[PDB]
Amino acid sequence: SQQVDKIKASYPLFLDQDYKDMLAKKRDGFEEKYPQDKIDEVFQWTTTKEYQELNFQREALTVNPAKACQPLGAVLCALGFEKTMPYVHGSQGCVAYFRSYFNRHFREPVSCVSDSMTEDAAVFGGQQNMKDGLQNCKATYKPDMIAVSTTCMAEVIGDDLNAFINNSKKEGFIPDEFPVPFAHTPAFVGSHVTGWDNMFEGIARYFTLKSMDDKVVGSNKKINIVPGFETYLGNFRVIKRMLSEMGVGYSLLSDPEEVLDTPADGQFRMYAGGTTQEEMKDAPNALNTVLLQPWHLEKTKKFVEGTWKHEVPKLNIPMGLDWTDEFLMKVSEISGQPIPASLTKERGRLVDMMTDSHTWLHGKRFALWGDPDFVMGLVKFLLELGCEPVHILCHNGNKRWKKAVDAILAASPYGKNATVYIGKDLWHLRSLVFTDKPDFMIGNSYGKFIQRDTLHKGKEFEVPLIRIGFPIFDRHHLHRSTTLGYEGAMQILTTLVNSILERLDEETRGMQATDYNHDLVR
């Protein structure tokens, strides 16, 4: 039943007595459900260290991973180039999922095509799909460039992307000069960030490999900036803002900020902004190339060092205070531009915020996860805040990365109780926040089910989630935020301290019970 003046959606509609009785009857009559005492018993067992030991012995089963597959990252990279259509050679189900996954996070259109390889192509290859696909895409959506990656079915059957594209141009399906960079992006190797590295390196080679005789390092007086897999609009914007403030010439190579933030003004714009093909052709003439996320840009690094002859600086992701300092001093040294007063002031206002908030942050214990560069930058900033990053989980991390993070933890008293986990997932992490409970989680939306699990054990065991990372589906417009530079560090700090105070306010809101500490001033 409904009252037309106060209509109820599923919550709280189904808490009406008649729905509750109907659900009880369905369960008792036909579901043959385990008894509630048995469910409670098994739940309590899944919170124990005994269960955790069994949990960490898993070799074949993955539960709630914290990573996606390569072609997702290839799409995001391709989206950052001007009037470019990402094109995934292979089966079409992938592209539906790619577009939806990014739709949900950015709340924006996400343009991407497939060449719809089906049953027949497994036996005879996808050559004809590429010929008709490139031609159809070119004529229908009129991009200036098509950036080709692969689904896993096309990887397994061994389709030669290079030959298929060359034959498409030979047979006249698309003009010979029409740009079609490509990258093999197998879903069963690495993760989404690997797809980004592969796609970018493929675009770099396409516009540069056979033209190096013309290039002189430094002749265009700019610095190349390679963002890597990046899903915060504020991170593209903050980098271009700081470099402009310094008066540094730069090229941001893969820049999707415009396409992922078009205005709603009455017209849909399939393409907007983005790195131009020319910026790619001219990138070898830069002073140097800086990798914002080096731990998933290994293949790109070898190309810019091996072919462009740039001496890529050893720089961490510019997150937190120290690493933003080192980033700006490296950019200053390469460009000869002094760090301006405006950035020195901004640095000091971040430091000022750290002194204002350090008493609430001190000793706070966090479980966190995400991609390798993001995770280590968050770990670094947490230690600078005097917090303890107790559980550090990177499903797609590697051994060399873990060594680096472990050495970062060892350089601080606040890393004494921290452990770095690679190859582990959110079901592993569920156990860690039960057996060695932190104060908060910092992670993506999938973290919400861990918070729900902790609350089921008891309010005193609930671990609240703080949403920083990718994907974030259950809050709106957090993709506009910033996590890099002083700006991003100021945002993270403010998010952290106020999550702490909001939880404190919840725990002290009880009248005559806990509200003696319900302070007006904190």
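Note that residue numbering follows the sequence shown and begins at 1.
The deposited model assigns a higher average Cα B-factor to 115-123 than to the other stretch when 115-123 and 280-288 are compared.
For the two regions 307-315 and 443-451, the entry's Cα B-factors average higher over 307-315. Looking at 72, 259, 212, 152, the one whose CA carries the top B-factor in the deposited record is 212.
Of the candidates 77, 368, 225, 217, the deposited coordinates give 217 the top C-alpha B factor. Among the modelled residues of the chain, residue 29 sits in the middle third by CA temperature factor in this PDB entry. In this PDB entry, residue 90 carries a Cα temperature factor that places it within the middle third of its chain's modelled residues. Among the modelled residues of its chain, residue 413 has a C-alpha B-factor that falls in the highest third, as given in the PDB entry. Sorting the modelled residues of the chain by their CA temperature factor places residue 484 in the lowest third. Sort the chain's modelled residues by C-alpha temperature factor and residue 512 lands in the highest third, per the entry.
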